[PDB]
């Protein structure tokens, strides 16, 4: 029931899972609360406590703006924080198998949400199934988001940037110093995350300070080379200064600006974050990763291209309809409550939404490459094209390009294409296999029979869970016992990938070849 850590004792709680037992430690602090004069600073080491810390409920989520477009709708609200927002939010969770394992592989989850939102306490991130079923240890942490986690005055340690990434780093550090006491093997740590969490994972592969803190990496629908993932030094300052003007904190001394932003209430910072950009969408990564010179020593496209990253195996993948979720947050003619048949004029209006600072020719080039129809009279043509545009540009092609470049330096890489639409999916059918809806299969929620997933979904999650765990444990995402399709390595010549679905698991090649030649070779020029 009680584990002694380097900083003090913590008490867990027993959970009944599938006729077995999992020990959860929910809400272990891993840093000094980044409060007062610590706001905007890198996270500070925690002083010991003398009592027994009670880790029996999730801690506070970090301060963040909430998705409000669909009040009462489970499809959006399942992603909103489900614990109190507070700046006092630097906590982590541990699920260990019962009985206490001897030398168990550790899985460390990093949530996404644009670097502006998200929390480790969400139901779909519940690591008790992985601990029960595969006897791995699951760790997840809260990390600062938005301006409070990523506001940047580069060089200035009062606000250097990438704080939330250093939050993540300090938690991986905690697992190294402490996870052996829980029965974990610190020499066998696999990072996994989704969306901005997957982008985070890839930045840890790049950051020298994280290289000794994990073994392997899993990137679900995200990588640092995605266009939303890294803010420029120009942008980051313009955004910091714009936040300052918006809060009356403009000063000539940059340090005085920070001190001024320290005396504002969390809510005034949050209210003004959306408006630091003029191209202002609910899907703006207003404050995100930057080249700080500490976490990130150089522009990550350069480090990737020239082989400057941790050499290890990666598991990378994407969902079939990455882009559809984002169309109901602004694109004209779209609704989750109808089939969103849009016209040519509405499609073009959508490109202006999602490509705000792009030339007319750039937008026409997108229209040209995506509107050469197999049948021009099919009314869903423009609706599905805009979805593919947003998903190929923002997720599928950056992940493929990341996998190609990473594997060219000699490491094994495995790529998947997830094409199963959850039977319990509350969004309409036109949105397909949505961004974020593999997560529940990965965490094994379909393994609970009471949760009214189908039998085929239980088997798909069970196979996925096995492959994730075999990858974490052995660097090889096979399922070796149930005459499963063998998952080949992804090589930049042949570019083989594995499809994930309830019917047949297939090996295909060159996912989205035509679309990604456009996005990776032509569009960066425009």
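C-alpha atoms forming the largest set that superposes within 1.5 Å between two forms make up the rigid core. Numbering follows the first chain given and starts at 1.
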Per-stretch CA RMS vs shown form in 9 other deposited structures of this protein, rigid core as reference, larger of 273 to 281/196 to 204 is 273 to 281
The stretch that moves more in 9 other deposited structures of this protein, judged by RMS C-alpha distance from this form after core superposition, 282 to 290 or 346 to 354, is 282 to 290
Exercise. Would you say residue 384 is missing from a third or more of the other compared entries?
Worked result: no
- Coordinates lacking for residue 375, a third or more of other entries: yes
Between 252 to 260 and 431 to 439, the record assigns the higher mean Cα B factor to 252 to 260
Going by the entry, of stretches 370 to 378 and 302 to 310 the one with greater average Cα B-factor is 370 to 378
Looking only at 405, 420, 216, 245, the Cα with the top B-factor belongs to 245
The residue of 444, 113, 149, 266 with the maximal C-alpha B-factor according to the PDB record is 266
Binned into thirds over the chain's modelled residues, the C-alpha B-factor of residue 391 lands in the lowest
On the chain's distribution of Cα B-factors, residue 60 falls within the third called middle
Chain-relative C-alpha B factor for residue 472 (record values, thirds): the lowest
Here the Cα B-factor of residue 49, set against its chain, lands in the third termed highest
Residue 126: C-alpha B-factor third of its chain, per the entry, is the lowest
